[PDB]
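Read on for two forms of one protein chain; each stands alone as structure tokens, with the labels structure 1 and structure 2.
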Structure 1
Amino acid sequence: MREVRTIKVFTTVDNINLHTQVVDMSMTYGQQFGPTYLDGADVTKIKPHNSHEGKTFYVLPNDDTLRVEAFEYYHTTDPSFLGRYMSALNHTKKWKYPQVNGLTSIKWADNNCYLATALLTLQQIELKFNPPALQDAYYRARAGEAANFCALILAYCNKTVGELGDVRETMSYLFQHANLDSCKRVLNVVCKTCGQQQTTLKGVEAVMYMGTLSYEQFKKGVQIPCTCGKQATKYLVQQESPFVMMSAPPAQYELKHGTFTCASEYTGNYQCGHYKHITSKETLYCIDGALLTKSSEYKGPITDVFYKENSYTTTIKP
């Protein structure tokens, strides 16, 4: 038998389409919308105040219209997506993002070194994301608002804050949401008696290789067993992509200046390690979270190396 007091607020799932709602000041936001967020903070267990008049609240996609709007923006209708994204955003907005040598890094916290390495890599390769939420956060990440982008990365990769991570695993997850269908790779394997056989790779597989860190060795030739037994030679004949990513288990490797875009250093064992990002500019730079180190040459345990590419064709011919 208690009076009703009302204020008008806005609900959204993408912060682009706002939906006017009139709420009762006697019930909580959870009792009317479900899980509700106001500027990242969970406001489910509280009641509307006059200070909420006209503000915009995040909600989970329960309505038919909200599912469509969430699908066009995030490319997913998973109900636990926003939940995991808001939980991650609660940590990433508390992180420090120093501007290390014109790039945006992350101060070490909650084992975020693999995210920092990946975020630095994403700022040095040409890449377009299909989900609008990622592409919007990608540009603001290059500007400086990387807290929102790191939360999306964690949410898309299904990785909770504080857990150890893999840079290559993180990159390949994001590559699925990238427009890489125009990338093309032509490989050629030659055997001494079986003969020669060429295959073509498109999409994500055209920009990743697991076997050697050296882009040059991939062009000169890598030894690969044949179905007949003896050792064959595989070479990269044609490559069309904005970049290539060469990966291998962490081994001591020398990075010569000007021969790559950036690389991933991994120190430690398979159970627990430490990620550092090496980048090549006027000289060799080493970004370790908030720390920076120069040197003319570099020698350390590398696991991923990124190269710039546009169009490469050998003239040898098959």
Structure 2
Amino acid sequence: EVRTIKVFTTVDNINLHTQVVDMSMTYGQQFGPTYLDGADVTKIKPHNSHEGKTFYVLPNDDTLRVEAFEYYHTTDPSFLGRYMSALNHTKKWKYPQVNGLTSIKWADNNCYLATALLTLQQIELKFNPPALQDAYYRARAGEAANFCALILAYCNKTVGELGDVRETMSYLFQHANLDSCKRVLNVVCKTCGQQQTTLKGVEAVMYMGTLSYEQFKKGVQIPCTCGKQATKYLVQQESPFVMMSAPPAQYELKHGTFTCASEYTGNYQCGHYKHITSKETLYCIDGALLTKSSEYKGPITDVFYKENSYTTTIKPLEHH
């Protein structure tokens, strides 16, 4: 009289927990919010075809809470639901291989995600959460739906929202092992003298204000804390890449002088990202579309450079 089937529940798709579900009640009535491959099945009853399948549930007991933290590195109770909500969409996107890199076909305003995804495959970055490590590798094999859904969930962004590549990279870098990265800056005020700062982690690899790594080495003009104009320059850099960003402006990209870059067309409220990469020549990846040219000048907002160890030769005459 009581009909049942056996399913597995999980929060990480690795640790599977056998469950016996009553076929007269919905999954929601028994588990709470329940997902089958991203699809919200909270309000449907178990079907005979569901036997043996794996369902995601929210981490609502001590065992699941530990498993979710160990896999995702966040205790945010909303995280799994936001991941599943995004995955229901990203599993329908297409992930073509374009010039040896996994891209995303245009959909749901995902151009900024495609540009970030392409960049991540070209810089040396190790993710700390197993969820991101595993999904990054699957994305490299062309199965990028989980990686894209995780990026959205870690960024607190939903499918369909417009986005910013620099912002997206900054949030992902929070989840990368960058604690060997180091940046030493000097701000030289003609009155106050020299003021040196050491940055670590995400702050050691990102700079907002110029696209040019060379210009950052030579010095950029900024207001000193006293209100006068000062000069800031890079003293020492220890990292495998650096990201230089600025609001989009016409910028010449020379083959072999950079790793990749973000082109931004349109305006600040309604823009389009494309990805420029330097290989044997210059390539532009626009979703599934590929173009090439020997030279490039256009509206750039991020440039990524290779690095290992840099020490300035600048040695100011000033004081302090």
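Here, a residue number simply tells you its place in the sequence of structure 1, counted from 1. If you superpose the two forms and keep the largest set of C-alpha atoms that fall within 1.5 Å, you have the rigid core.
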Between the two rigid parts that describe the motion between the two structures, do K220 and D110 belong to the same one? no
By what angle, rounded to whole degrees, does the smaller rigid part rotate against the larger between the two structures? 9
Given the rigid core as reference frame, how large is the C-alpha shift of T233 between the two structures? Answer in angstrom. 3.7
Rigid core superposed, the C-alpha shift at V190 between the two structures in Å: 4.1
Cα displacement of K159 between the two structures, once the rigid core is superposed (Å): 0.6
